[PDB]
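What follows are structure tokens for two forms of the same protein chain, given separately as structure 1 and structure 2.
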Structure 1
């Protein structure tokens, strides 16, 4: 029970926690119907709108007015944002020339520059191209401050997942807001954007910025705003909070608009009708900046302008129906649209067979506009599996399309058309899904463009801007130091945990009974007294230092003419294998006498080696090599590529992809990039958590052996950003692309796999692009430790994703 009979007079949008028995007058009281009786009539004052006019100047100080143009208002804190322009001859902020802000210029009493986040919903990156012509305030912020060409959202590219990611630095699988809708089988309950369930704290994991702030004694304004509070009132309320006394004023503030998402749904992202809503958002930015100017705060506050996701052309004419593939759509529930999630209509139904469902959904039409995945097979870059609220069966939908359960779910109007022309939610590397980031203020750089970056990285930066220590999150702290003039974070290299051994020859060829045969021999090699010493191997093949191993284990560094490896005695295969291929390198075949050749490695004991007998007994599993024999520098050097310590388990289906990569693509990359350095190796993630497995977690081994089966294989391909220098003699910034390829028994993912590999393997690889950082989590390795670049530059490099968009 609250006593509603109280008043909000001289209390509207107050901040304090007010508790029941007292009625409320804050941001969210409406949501709870717990407002004082006069809130609506008093705090939503709408009369005369939100701008002064020439005739209102001087103004008899009336209290029905939405905002004031009285002689005193700069005193009574209540001015319309344009009061000074219209009534005292000052200029709008946007008409003043950009001036660098080298240090905060703050009134007395301000101890740190405030942070104001201006978040916009569905603001696609390319809307910035509609520039000063339509959005001059925003264009001033963008060109005078620090901007990226775009910011990558998280998957699903919907609003709830993405705002909560912005707030927490976490992937949706970690913070728990994995869609705008979800079902939690432990709560036996469903979360929706509409209604009351969302207000329950049980859904919301992680630690969002306003809590991180509060726990560290830094006051936060409310980030949530009832839908009935108009945009202009949100701005005026921010401005009023900034005028509070020193012991009450917050340091962090957020504004949110539902636009231009709503117009984008209705008209599409390129509809001519999109102009007016963009103009309105710009107007609102200008109200803020004018209000900051009236307060003498426009050279004191750090302003972030950010979006949650983009928008794509999508109409009802472009819908696939599961009823065209499945015999009983009535027994399943589908979360539909720009993604699919399927579960039995009755939870834990024994009749539910996801294998038969996946089979009926797989490559049934030549232009099929979605693709089914078990969630553990989704591209790793999506980080969309490790949560009980994510259904096992997922549909990745093609851009511009929807998936629905059956035709009755689409409502084509008399028109022949639907009401909507725009949607989002698609794969986050899709271009139309990208959004915006601009930072302006004393802490941000002046007239600086920065590379595109992922929204998971912002939380650390907002923390930096506020003097806070971030809660553990998925950002890479220091990757965005290059956005800031100061308050940078000094990151420190993680400590290597296991140090390598450097074994020489400990064994005779006669010590080994691995069941392996090699029907040829390089007799010249046994006369090489320096065989397999470091020599120039490291200089040539390990260009940025050995990866540090950050977990406890036993491994060996192995040197060869063409490659270097870090060989695990625990997993019986390399953790990594590193080599450099010149622009002019020649590709060669595997001679007939060597096709089935595997050689024991006299540096590593029989007992730490694979055996060929296991592979001969595994009816499903074959093997491949991490350094490819195809790229051997000489016939002589080719024999090292057949070492048992270079061998890894591979399904025949995977070998189709891997041979094509090794024999064709690596050289292609070396031609185009003027040499490449490649690091390749295995990944084990049987529990799909994005993190390196411990041994207990590994669930498949080559029959009758302790040889573990990787869930994926990675490769990291580095060269000089300036391609006029060769990979091995690079003086400047680096260029990287990486992959985490799924290690599967079939190519059912690739609809065109019955064809030659030049028709499908590359399309597969582009889908499974990855960040170096993603591989680091999955392997417990740390790359690029010895370079001529700064550590902050390297962290940026490690968070880059090559998108092929």
Structure 2
């Protein structure tokens, strides 16, 4: 690079040495970049004595009479010198259409992202943050926005830009080892600048591909905030054929002060006031350009902040005798791998056993990554280590003390940290959208940050790249430019078999001593791939029975608020009955379950909830049976016998849809073409990796689930089908003490279940479709309200 050139007339140019706002991070600036592009003289504010000054090229910004036409006024110039008001002192006025100067072809978007802005900081209100609080109350806001896991900065910022889970965009932590590159990504170092780390298609690329020009989305750490704002405002003054339409501002605060003082320290007020001042400089500057009723502004955080101190550290050396032979990414999560990459003597089975339920109130839990809760979507990337530690909120994990023998000093230089499970309340962050395209004075329910990329594409007129948002689920944020979603097309249609076989046709080794109106409430699920399946009706339930898997894809039934739970008679404990509607060759068989000494079986519709002794015999049909480990039947039985009825009594009836999931390669997608790796011994009955249930009722619970007029209410889960209950440290006790807690950990979205099964639910309701897409992205988190 020839740094002998000059940045004269090129400062922060958007197209030899460089003068853009990343040259410093690459060490490519022309020698006079600092002198010409980072002026600082006289600060960032006009004063009464500067009004009408003779222009002086040394000043950071100008208060001369010409600064308006040259677009380089201080952001407060009009207020101090021409009698105008600060944007924050003006009334809220609805913006029904964009009010943009001639030559603007579309409303610009400015993304204002803050680091470590916990959702509950908004409770400080206008006394601390008057500009932000006016954006929030005049625009559209969520009470919180859910980040992705791990709740660290780089995974979340790049999720914001791409709409992808970290396992898909590839930035799975702030530091990473990639065994194929054999290289390490680190915030310190040049390797992170290599494009091979960064997957997906971020918004600035989507924009350029479709004719929408982008400003920078990265800012060099040494460029002060006021200068970033003034640069964006100067870009917005460029001619129509050079001006960008999408911009990004980033602040590292208030993350650093949160680390030092903690989220509840009175010291948090000052960094929040400082951010608010920068927001006020932007809004005043836009008002000075006559763009304050033309630009869409998004104020968004990457994650929250939790109380974490030195008194709450677990050390792996208290569990493992050789912590020198492993590498640990520590803190609010744990990722473990061998010190020597691909070391053949690395034994994660011995490691995980020593880390499982070893101390009474142990403040982390180990997982092989395929056993993490599916809602984290944190497994399908070679940069994610197989061995993972989920750390309890407010705690850290560390590798080992330096000197195990030294005394208690009581010195701690930090009080906050982030990185925990993304459903923890302290990790939630902020979302505000203000402008012509967002709604006016509107509160919307919490939503996940993977959904934002689609919205930003809608605000710019862009077709999104394939991503993990559900396009249309945030239409209720927008006054216009909504996306019109359409139902996925159904690929397979069901057969409806009648009675076709005799009992005597079956040699399964088994022994035994208004259906749609009632049990399928929202239409049958569509099967979105080619397959042969049967729909089977019974008094108490309906099912879609797969000929390939030899079991239901789904089973649907409605349990009313007054339903009765009954016992299985002792003479029917082991009853299994051939189904005369379904061929012997497309049935499971009981011999395979006897021969398999690890596998038992359960039922998708529970016999416990049968409507009469006669109807109960339907529950023992071989077409209702599914393979289950004995340890898992403890969970599933408690769900069926205890929890379904409880939910029915609390929600005024429930509709339940349950079924198997196969995801042996842990990519979150229904698996296909020989990816299933386990079968019941000697048979072609595949073994599920998970079981799901979707539990729906009326949002207005004064109406019974089967007679619901308005919006629906849903909760769901994806339970891992494990041969032991090692995940639950007190599973040796009665199920009342651990099963429900386990289920809450594995809560899921209906959407997560659609990916994993290839089914599409809620196809026949009386609701608009965009409302159903919102319902399908809902996650019941079991957390108190923020």
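Positions refer to the first chain, counted from 1. The term rigid core refers to the maximal set of C-alpha atoms that superpose within 1.5 Å between the two forms.
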property	result
Identity of the form deposited with the DNA bound among structures 1 and 2	2
Core-superposed comparison between the two structures - Cα displaced by 2 angstroms or more, from 129, 469, 413, 447	413
Core-referenced Cα shift (Å), residue 58, between the two structures	1.5
Once the two forms are fitted on their core, CA shift of residue 595 between the two structures in Å	0.5
Displacement in Å of the C-alpha of residue 695 between the two structures, rigid core kept as reference	4.2
